[PDB]
Every structure is written in structure tokens, then in C-alpha cells.
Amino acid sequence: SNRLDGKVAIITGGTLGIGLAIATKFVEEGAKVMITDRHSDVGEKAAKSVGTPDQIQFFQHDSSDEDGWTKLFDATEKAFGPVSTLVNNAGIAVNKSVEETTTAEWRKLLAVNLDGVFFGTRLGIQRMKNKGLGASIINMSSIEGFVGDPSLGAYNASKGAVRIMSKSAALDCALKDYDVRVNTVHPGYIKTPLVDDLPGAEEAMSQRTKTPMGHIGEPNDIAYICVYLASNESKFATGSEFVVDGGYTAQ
């Protein structure tokens, strides 16, 4: 209760799975939230399922859309006042090795997972700096920002990029006394309705050679680390990586 009192958050890809759980817990802790998706049908339903409009709203936007990012911040501030918190959660995957990645696949994934995170981080710093908000940018950067996977080549590129670009942003914000922190969160495998629709995936993710806990996580596992990072409890954490992975990367 009340751990995010006063905060105003944007959560990209906030309509499903991890993003939806972040949104849910953010509201529970007193934040106002704007969630996004490119699909209005998913997004309108998502917001109402979490709370009322004084709590949470939806804004249609593809995170790869640079100009839209500006529209999104303006809509959030109109609704709730100045934005304090940004969670760059929208992302896609391609199940190709580097060798078998088409250039179109490469460009499409980087547009969402890398360009989109850049656009959001850049704008967030500009919009949040120097306002006494206790501002926090949380970038989703994966276990696949630490280790490779032979069939996630472009995804690995994007997650390693986010991991280190976030450090750059963290450092500049700290050195300039901007009152903006930047950190990354690195989920392991998480159970969602989507993973459920991939036959055998959860079982495969749960083998001990993959996740030593022997099972995969839940959306709220990622929500709770995001609450900590969004809150003023984490006012001395910047430039760091927060891993919640069931032991995946420990072996």
C-alpha cells in the first residue's frame, strides 16, 4: 500500500502478461498509469479490468513510432499530471538464429525492442528531468541481455543494447543531477496466456537445465521488482540490472 503514492507511470505493452501485472500492482500502490499497445481492442479492455479512469487509462501506440511517443506523454500528463515513471516493456521476438535472421526481421525487431526503448528513454529524460518527481525509467532487458540463445539472435542484440544503453543514460542523469534513475529488469521465463499457447514451451522452460527452480515464474514476479524500482525506496539504485529468473543465469 501507498508505495507509489503520487507517481504517474507510462507502461508500454501494458495490456498483457508482464506489463499488465506491472500496471495492476502500480495502481494498487497508488500510481496513476497509462498503458499502451498497438491494438486498441486489447488495450481498452485491459485498462478497465484493472481500474477506473482516475487510476488507469489506455493509449494506442506502437513503441517503434517516434512521433507517437510525444503524443503518449502529452496524453498521460493531460490525464494525470507530469509523468514520473516510464516502464519500457513493449517487445517482440523472432525465433531465428543470427545466421537465419532476415534483414526485414532484424529491422522490425530492432525498431520495437531497441529504437522504441531509445525513443522512450530519451523523451523520458527530457520530460522528467529537474522536476523533483523522483523519476525512474525501468527498461526491460531480459535474461537474454546476459546470455545468448542460439535461436534468439536479433532478440539478444536488442537486449544487450538496452542493458548498456541504460547505464549510459543512468550515468548522465546522475552526473547532471536530473533526479532521473535508469535501471534494467531481466526476467527469466514467465508463464502467461501466450506461453500457454506455445505447445511444450512451459515444460521446456521448466527443465532443470534451463530454470533450476523447475518451474517458470508469474507476471507478478516482475511487477514487484518494478514497484521497488519505481518507488523512492530505490533512490540510490541507478545503472543496475535486476534479475528475476529462477536461477537461469546462475548456472
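The first residue of the sequence shown is number 1, and the count goes up from there.
Enquirer: In the PDB record, does 51 to 59 or 213 to 221 carry the higher mean Cα temperature factor?
Expert: Here the higher of the two C-alpha B-factor means belongs to 51 to 59.
Enquirer: Quick check: 194 to 202 versus 35 to 43, which has the larger average CA B-factor in the record?
Expert: On average, C-alpha B-factors are higher across 194 to 202.
Enquirer: Which of these, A93, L114, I138, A169, has its C-alpha atom at the highest B-factor, as the entry lists it?
Expert: If I rank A93, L114, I138, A169 by C-alpha B-factor, first place goes to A93.
Enquirer: Can you tell me which of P150, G132, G120, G160 has the highest Cα temperature factor in the record?
Expert: Going by the entry's C-alpha B-factors, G132 comes out highest.
Enquirer: Can you tell me whether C173 has a C-alpha B-factor in the lowest, middle or highest third compared with the other modelled residues of the same chain?
Expert: Tercile = lowest for this residue's CA B-factor.
Enquirer: Would you check the entry's CA temperature factor for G145 and let me know if it's in the chain's lowest, middle or highest third?
Expert: Within its chain, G145 is a lowest-third residue by C-alpha B-factor, going by the deposited values.
Enquirer: Sorting the chain's CA B-factors, does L229 end up in the lowest, middle or highest third?
Expert: Its C-alpha B-factor, which the entry lists for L229, ranks in the lowest third among residues of this chain.
Enquirer: Lowest, middle or highest third of the chain for the C-alpha temperature factor of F80?
Expert: For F80, whose C-alpha B-factor we compare with every modelled residue in the chain, the answer is the highest third.
Enquirer: Sort the modelled residues of this chain by their C-alpha B factor and say whether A237 lands in the lowest, middle or highest third.
Expert: Bottom third by C-alpha B-factor.
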